[PDB]
Every structure is written in C-alpha cells, then in structure tokens.
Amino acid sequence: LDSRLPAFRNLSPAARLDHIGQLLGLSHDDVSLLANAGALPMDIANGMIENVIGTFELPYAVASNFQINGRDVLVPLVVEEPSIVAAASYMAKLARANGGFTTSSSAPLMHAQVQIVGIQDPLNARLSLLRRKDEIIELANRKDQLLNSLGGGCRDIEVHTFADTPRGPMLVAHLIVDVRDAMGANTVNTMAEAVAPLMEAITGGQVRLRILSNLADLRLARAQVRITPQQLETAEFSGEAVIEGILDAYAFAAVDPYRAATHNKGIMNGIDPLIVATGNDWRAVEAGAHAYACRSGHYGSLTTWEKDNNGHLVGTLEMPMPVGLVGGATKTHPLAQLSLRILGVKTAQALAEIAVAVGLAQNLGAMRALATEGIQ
C-alpha cells in the first residue's frame, strides 16, 4: 500500500473516498457506508446509550503519508477543529524521508484495583496476599480460558498500602491482566469481582471498590520520528535554526505546566480523533495520558524532542494507550469497523502504536508552526 495520496487535500470528498477505496480494495458495501449520511442505524444508536433522540455528525477524514515500521498506513480521524489533519499529514510526509515512524508497545496489560478497608494490620495483610498470589492469579484465570488460549489473562498482582489516610488504613491490590484485543474494563472488573471474596478471607478486611484503573501505565505505546535540518528550512529561517526553535518550545513545555497543558493538548488533537474514528473511549485515553504526564510530581511534556549526534531532530512519544478492536461501539458502529479496515490493524496494540505515531506527528506539526511564525 502507498499512503502518499498525492493531491489528496485538494480532491473532492467523493474522489478522496474513491482513491482510498482503490488503494485498499474496499467493497462496494464499504464505500457506500460513507457516501450517504446515516451509516449508524438508529436501532444501533438507540442501543448504544440511553435517552437517544438522534445522531450527531463530525467530519470523517483520512491523514496521508503515515508509515509505521516501514509499512504505509492510512489513518481515519474524526474531529471538529481545523489544521490537525493537515499538520499530521505534512509531518508524516517529512517523516517518510527518514524511515517513517518507528513504534513498539508493551503487552496489553491493564490494572484492576481491589480496595480493602477495615484492616487493623494492612502492612501484614499485604504480605498475606503476596504469599498467596499464585492462588489469587489462578482463581482470576479460572473463568476465561478463551482469554488464556488467546494468550491473555491475569499475569501478576501488586499490593500497595496507604496506611494513614483521613479515613483510616487502606490496602489496594492491583490485578494485572493481559486483555489482548479489548480495552479491558469488562475483563479486569470481572476478574476483580471474582477474587474479591478470596482477598477478604486472606486479609480479614472488607473489599470496597473493585474497578479498572484508567492510569494504564503498564500498557504503554511508543513512537519515534526523525527530521533533518534541510526538511525544516523556511523562507525566513535555516533548518538548523528551526530545530533550535523546536527544542526551545520543548524545554518551555518541560518546565512550565501552562505550556505543557497546551503542548499535550496538541498531542491529543492527533490521538483522540483516531480513538473516536474507531469507536473507542476517548475519556479513558485522555485520563491515562494526562495523569501519566504528571507521574513525576510535575505536569510535563508527554513527548520528548532532542537533536541527535548528526544534528537531526528526533522526537519520542511513550504513553499509556488502552484501546480495543472489539467491545462496544468499536464492534457495533459500522464506521468504527470501516475505520479498522482502513487501518489494517490486526491487534489492539497495533492500533495503539499508530495512535502514538499520530500524536507525535501532531505535536511536531504544532511546534513547527509556532517555531517558524514571524514576529508581526
């Protein structure tokens, strides 16, 4: 596949949709999803959420030029704000000359929290849990042999204590679960309910909450990009000077949360519209992203930007990226399915990797524009 889509930005929506259909070999049914309004049947929409009175459209677009570990990919995006799709495409185009984006990811590991209260000896109860951890993990893994067979399942438990809160001593177990191609909420919440009685018995305490954590910092996706000085030369500035300007903008985000919030917002401008295009939960991805940005105790930049020993600009993005290929709207929305077909993704972690490549490109695009804009 060739994702370059020359002239794409200047074609009609119909011709854009044709060129896409040609490259991918989309069926007639697939193409017709996007040709008339109302691809989401009201019966489906009415089953998705409560009190439904209609539907609400946002534009559906495709970013061009993306390349992931050497393979071209087309990226669907749903969003209301101008400049995002263009910026992402243009930066992807530059990326290509230097090998495109390089990506990797963790196993799709999600946490369930099991909160236990009413223990007079939480630090001792913690060791009681850890001593019996294989037994707890085995129980969690009982039900879902499907998941086990698919190469998923509960992998580990950690236990943390907060022994002096204004509400008294707390113990929190984390069930750590490989959820394969799901976002993971149902899977881990189900396991957490299952093991709660065994934990109460071990600790002599009362399970309160048993619920996924959205700070999915064991489910990390990573992207890299590289850009040379020649590619960033403008009418006003040498490529070398633009690179220095981009590094200045990065340091600024790194030190000032007022800039970091805007800097990270730009990353999410790239990521959330792909989450939406694939029927996934963008509030989850948002919460994970921003909470991860302040894990150090300082709210900083999710991306990094550096100059390498060749003077090339090199950027990274590593962050939690919980997404699914199955579950909820990703399954039931005809266009969410179409998006997955356009992308070509075979696992959730592959989708996650494309998400961080798009987020990294968007951040690059935003900084470049800010860095090159003449004083007026």
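Position 1 is the first residue in the sequence shown; the rest follow in order. Only the largest set of C-alpha atoms that superpose within 1.5 Å between the two forms is called the rigid core.
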| query | finding |
| --- | --- |
| Core-aligned Cα RMS comparison in 8 other deposited structures of this protein - stretch that moves more, 273 to 281 or 138 to 146 | 138 to 146 |
| Comparing 160 to 168 with 250 to 258, the one whose average Cα B-factor in the PDB entry is higher | 160 to 168 |
| Between 73 to 81 and 133 to 141 (mean CA B-factor, as deposited), the higher | 133 to 141 |
| Options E57, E50, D29, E318 - largest CA temperature factor per the record | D29 |
| Per the PDB entry, maximal CA B factor within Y292, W305, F237, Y90 | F237 |
| Ranked C-alpha temperature factor of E233 among modelled chain residues, by third | highest |
| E200 - Cα temperature factor, lowest/middle/highest third of chain | highest |
| Among modelled residues of the same chain, the CA temperature factor third for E286 | lowest |
| Assigned third (lowest, middle, highest) for the C-alpha B factor of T102 | lowest |
| CA B-factor ranking of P322, expressed as a third of its chain | lowest |
